[PDB]
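Asks: The data below comprise the sequence and an experimental structure of the protein.
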Amino acid sequence: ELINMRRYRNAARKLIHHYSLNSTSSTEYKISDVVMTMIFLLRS
Amino acid sequence: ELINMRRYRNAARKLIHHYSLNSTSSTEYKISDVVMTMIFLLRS
Amino acid sequence: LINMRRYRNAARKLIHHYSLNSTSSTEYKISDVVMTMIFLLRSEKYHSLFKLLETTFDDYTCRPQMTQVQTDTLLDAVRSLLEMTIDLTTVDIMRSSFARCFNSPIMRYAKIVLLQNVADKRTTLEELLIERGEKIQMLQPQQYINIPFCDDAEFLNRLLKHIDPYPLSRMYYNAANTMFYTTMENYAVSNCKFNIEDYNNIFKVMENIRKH
Amino acid sequence: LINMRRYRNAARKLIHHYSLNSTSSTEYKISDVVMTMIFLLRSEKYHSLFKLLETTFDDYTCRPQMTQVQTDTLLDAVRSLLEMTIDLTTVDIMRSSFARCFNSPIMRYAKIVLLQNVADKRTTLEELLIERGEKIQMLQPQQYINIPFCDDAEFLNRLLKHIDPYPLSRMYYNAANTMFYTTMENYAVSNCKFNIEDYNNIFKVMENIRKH
Amino acid sequence: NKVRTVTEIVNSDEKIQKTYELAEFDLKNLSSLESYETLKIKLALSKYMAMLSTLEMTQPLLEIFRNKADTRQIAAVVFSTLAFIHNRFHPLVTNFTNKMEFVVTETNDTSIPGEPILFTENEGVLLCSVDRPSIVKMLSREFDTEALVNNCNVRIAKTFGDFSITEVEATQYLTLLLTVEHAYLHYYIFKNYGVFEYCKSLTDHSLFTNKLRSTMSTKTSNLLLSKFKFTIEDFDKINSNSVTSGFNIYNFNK
Amino acid sequence: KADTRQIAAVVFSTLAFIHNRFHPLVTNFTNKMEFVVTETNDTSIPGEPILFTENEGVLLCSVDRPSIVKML
């Protein structure tokens, strides 16, 4: 399986939480993180 | 159903209570809220 | 056997003072407390009030749970006792006053206190000024204003004749005590520290104003 | 029956302070200790931590033997309680802090202490300087260096706008207390005497520096 | 603007006259404003953040120090902070020491309790030690961000009348800046008075007042740690363990 | 509660009477001012039942009706 579903989880949260917690973000995260989250949501 | 009866009840209660106590606008209720309240009263 | 009428009168007077519904300053003794409690117990329709005030003996035992009909009935009972408006905050004032009276020790000289422990948010005057402040501007005004001072000698003479028998000092006492009690009750209800330095400085300002 | 939420909050705050994971200086009372211990006992997955801190009642009874899985589980439990890194030395700090809190007598004024009794080799600053000193030179450096100070007025204006609402005094307090706590924890962990004369003389040096 | 004063005595018509220049009083008044000093400190911090930003160092400092693998970023951050502090002391040199090496420490076994950034000479080049876990523990510690440290009237009158930098990030920046400031004071004594004096200062910070006030107190700006007077709570009680029946004739540090 | 005009007129007349007592030359008070009546504790000032404020356009006077009712 290409997707490491476990690692793809945390990411989502991190942002999902992070974004839900704080509308705006900063350098803290990456485009890699966004891709990770979206791929997780697709797979689940 | 077009009407979210719960939210409509909430808004109607807010405005009616507000008006049940005073006799003014108290400008954080917005025309919408009126509309919300009146629609709730119609539906109920 | 007890005299219902005397006990009822003592209860009426003591509750009038302890509810801040009257400015009548009569020296109250322990006997009046005994009479008011006994009358509250004996009268069937004042049982709710008697239990409410008796729960104040221990600070850890707080107000009994009453459904809305019970609170309304107790309000009607208090209104009938006072024959007078009266609402929940009056009951809170009475509860606090009787609690402080009961927990106070027997002593030879009357203890002078201020209203406290009524109505979480312990605030001061300035935060209330700001906060309630806007809640005010939030409201739109009702009336827009955009003056006869008649000196009709006969009319003022008749008005003075009507007012002449009134003991001006008593009127001033009543007005001043009423303002003081309303201010204190608003402070205590709003959970704001009542700074009697400022209130006494008001009178000091008047006194200093006169002599110049 | 007890309120799990209030006890959990009190435990969280008291453990945050007693683990030196936070600079929040809130006056802690005996009630907070009672709540944290009761919550630790009641919660099933904090039983290891509760037993660990309860063993501190007697100085002669030391830490219970835990296999690696148990230590890892307790670390996860502490992390969950704090929702934050956390490792064994944090647990050692907590054990020492709770031991000193428990063995302390009931007293009217808060007792101010410094971290001690954590982590054989009782050393001083100079021997550590020498010793660790070489262990440093032993390591080879990673990077070789062999500078823009832009004054973009608009950019500094935006940065100041972002920083303006921050209460500078609070930031200074947080930074200074963080440095102090890190230094104290490094001293205690290294089993080196923390000379607060020198640390206070740092501030005295700053004060003497300013006025010239 | 100038203000003139005249003194006249009752024995004659003589008048002695002095001219005062108001700019001195205006400067004192400006230096007495709380907002002015707050603006100065916040502007120094903003310049530090801008300097980091133009060096790509936009990631939060805690995240930079949490990355074990990438040492180049840590070395660049520490070097840039040292250079910024050096320029603050000497506003004529934009480039720090042209050549110096960095070693990152990840172990307690080789860690200095209280001086996370240390300097040494390997007989060929300056070497700087960075205690990464110490800085990580500093920046990752939870901060008191709701308590108030001690005007309501102006607020009352008003009531009657895009990089996302949180407070935690700004506090982290200030923490690192102060730490590197302490390290730079040690390094300044090193470079200007020898290794012997540097290792003497490492065990006794009280020599800073003598080795800084001779040159820095009259030539450079104010130090960041001098913005507030810091004291240890109940310092006398804890210090009671070490009390001397003293006789101080060289109390060079009050 | 319903008739606010009478309350506003009473408060304005009392203010004008006091102003004339202080300055026995001006019979008309501030020619334009607005009134807002308060019926809630949530927006009540503990000890100053009548308060004044500027809405950047005109004087505004606050009247705490339950406080005055409790007084009288």
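Replies: Perfect, thanks for sending it. Numbers count the residues shown, from 1 in each chain, chains lettered A, B, ... in the order given.

Asks: chain center to stretch C:65-74: distance?
Replies: How far stretch C:65-74 lies from its chain's middle: 22 Å, per CA atoms, centre = their mean, to the nearest Å.

Asks: if I look at residue C:147, how far off is chain F?
Replies: 5 Å (CB to the nearest CB, to the nearest Å). All C-beta atoms are positioned from the backbone trio N, CA, C, and that covers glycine.

Asks: So that residue: helix, strand or coil?
Replies: Following DSSP: H, G, I helix; E, B strand; the rest coil, the label given to residue C:147 is coil.

Asks: do the same with residue E:5
Replies: At residue E:5 the chain is in strand, as set by three-state DSSP.

Asks: my guess is it meets residue E:16, correct?
Replies: No - with contact defined as CB atoms under 8 Å, residue E:5 and residue E:16 do not form a contacting pair (9.2 Å).

Asks: Would you check how far apart whichever residue of chain A sits closest to chain C and residue E:164 are?
Replies: With CB to the nearest CB, the shortest gap between chain A and chain C falls at residue A:23, namely 24.8 Å. For residue A:23, the distance to residue E:164 (CB to CB, to the nearest Å) stands at 9 Å.

Asks: Give me the more crowded residue out of these two.
Replies: More crowded of residue A:23 and residue E:164, by other CB atoms under 10 Å in any protein chain shown: residue E:164, with 13 against 7.

Asks: That one contacts residue A:26, doesn't it?
Replies: Yes - Residue E:164 sits in contact with residue A:26 when judged by CB under 8 Å, with a separation of 4.4 Å.

Asks: can you give me the helices in chain A?
Replies: A:5-21, A:31-43 (DSSP state H).

Asks: how about the last one: buried residues?
Replies: Burial within helix A:31-43, assessed by neighbour count using 16 or more other CB atoms under 10 Å in any protein chain shown, is assigned to A:33, A:36, A:37, A:39, A:40.

Asks: list the contacts for the second one?
Replies: Shown here is residue A:36, whose contacts under the criterion CB atoms under 8 Å, 6 or more residues apart in numbering or on different chains are A:7, A:8, A:11, A:12.

Asks: Next: the fourth one.
Replies: For residue A:39, the contacting residues are A:3, A:8, by CB under 8 Å, 6+ apart.

Asks: What separation do you get for it and residue C:38?
Replies: On the measure of CB to CB, residue A:39 and residue C:38 end up 79 Å apart.

Asks: could you say what helices and strands the helix or strand containing residue C:72 packs with?
Replies: Under the criterion of DSSP states H and E, residue C:72 resides in helix C:68-82. The helices and strands touching helix C:68-82, judged by 3 or more CB pairs under 8 Å, 6 or more residues apart in numbering or on different chains; DSSP states H and E, are helix C:4-18, helix C:47-54, helix C:88-103.

Asks: Of all the ones you listed, which one comes closest to chain F?
Replies: Per CB to the nearest CB, nearest to chain F of these: helix C:88-103, 8.5 Å.

Asks: contacts for the closest one?
Replies: C:15, C:18-21, C:33, C:52-53, C:56-57, C:59, C:63, C:71, C:74-75, C:78, C:113, C:115-119, C:185, C:188-189.

Asks: Please, a PyMOL command that selects the buried ones among those?
Replies: To isolate the buried members of the contacts of helix C:88-103 in PyMOL, using 16+ other CB under 10 Å:
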select buried, chain C and resi 15+18+19+20+21+33+52+53+56+74+75+78+115+118+185+188+189
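
Asks: residues contacting the residue lying closest to residue E:55 once chain neighbours are set aside?
Replies: Closest residue in space to residue E:55, ignoring its immediate chain neighbours: residue E:80 at 5.9 Å, by CB to CB, 6 or more residues apart in numbering or on different chains. Applying CB under 8 Å, 6+ apart, we find residue E:80 in contact with D:147, E:51, E:52, E:55, E:57.

Asks: count of residues packed around the first one?
Replies: Read it as residue D:147. 15.

Asks: That one and chain C, how far apart?
Replies: Going from residue D:147 to chain C by CB to the nearest CB gives 47 Å.

Asks: Equivalent analysis for the last one, please.
Replies: As defined by CB to the nearest CB, residue E:57 lies at a distance of 41 Å from chain C.

Asks: give the contact list for the residue found closest to that residue once you drop the neighbours it is linked to in the chain.
Replies: Closest residue to residue E:57 apart from its sequence neighbours, by CB to CB, 6+ apart: residue E:77 at 5.9 Å. By CB under 8 Å, 6+ apart, residue E:77 lies in contact with E:52, E:57, E:61, E:64, E:176.

Asks: Go ahead and report the secondary structure state at residue E:77.
Replies: From three-state DSSP, the assignment for residue E:77 is helix.

Asks: show me what contacts residue 37?
Replies: Here I'm looking at chain A. Contacts of residue A:37 (CB under 8 Å, 6+ apart): A:8, A:11, A:12, A:14, A:15, A:16.

Asks: my bad, chain C
Replies: Per CB under 8 Å, 6+ apart, neighbours of residue C:37: C:50, C:53, C:54.

Asks: Residue A:23 too?
Replies: So residue A:23 contacts nothing (CB under 8 Å, 6+ apart).

Asks: What distance do you get for it to chain B?
Replies: Taking CB to the nearest CB, one finds residue A:23 at 21 Å from chain B.

Asks: State the distance from the residue of the stretch 101-250 of chain E found nearest chain F to residue B:25.
Replies: Closest to chain F within the stretch 101-250 of chain E is residue E:160: 5.0 Å, counting by CB to the nearest CB. Note on residue E:160: its distance to residue B:25, by CB to CB, is 19 Å.

Asks: If we go by neighbour counts, what in stretch E:238-246 is buried?
Replies: Within stretch E:238-246, no residue counts as buried by 16+ other CB under 10 Å.

Asks: Quick one: end-to-end distance for that stretch.
Replies: Stretch E:238-246 stretches 18 Å from its first residue to its last (CA to CA, to the nearest Å).

Asks: chain center to that stretch: distance?
Replies: Taking mean C-alpha positions (CA atoms, centre = their mean), stretch E:238-246 and its chain are 29 Å apart.

Asks: How about stretch A:30-44?
Replies: Chain-centre distance of stretch A:30-44: 5 Å, with CA atoms, centre = their mean.

Asks: same deal with stretch C:11-27?
Replies: Centroid separation between stretch C:11-27 and its chain, computed with CA atoms, centre = their mean, is 8 Å.

Asks: give me every residue that touches residue E:210.
Replies: Residues near residue E:210 by CB under 8 Å, 6+ apart: residue E:252.

Asks: ok, and does stretch E:158-165 reach over to chain A?
Replies: Yes - applying CB under 8 Å from any CB of the partner chain, one finds stretch E:158-165 touching chain A at E:162, E:163, E:164, E:165.

Asks: and of those, the nearest to residue D:198?
Replies: Distances from residue D:198 to the residues of stretch E:158-165 next to chain A, taken as CB to CB, are shortest for residue E:165 (33.8 Å).

Asks: one step back: so residue E:160 and residue B:25 - more neighbours on which side?
Replies: residue E:160 (18 against 13).

Asks: quick one: that one and residue C:136, what's the gap?
Replies: 9 Å.

Asks: Residue E:182 and residue D:211: what is the separation?
Replies: Using CB to CB, residue E:182 is found at 20 Å from residue D:211.

Asks: A strand includes residue C:178, no?
Replies: No - under three-state DSSP, residue C:178 falls outside any strand and is assigned helix.

Asks: In this structure it contacts residue C:23, no?
Replies: Yes - using CB under 8 Å, residue C:178 is in contact with residue C:23, at 6.1 Å.

Asks: Not counting sequence-adjacent ones, nearest residue to the residue of chain C found nearest chain A?
Replies: Proximity to chain A, evaluated over chain C using CB to the nearest CB, is greatest for residue C:134 at 24.8 Å. Once flanking residues are discounted, residue C:134 sits nearest to residue E:159: 6.1 Å by CB to CB, 6+ apart.
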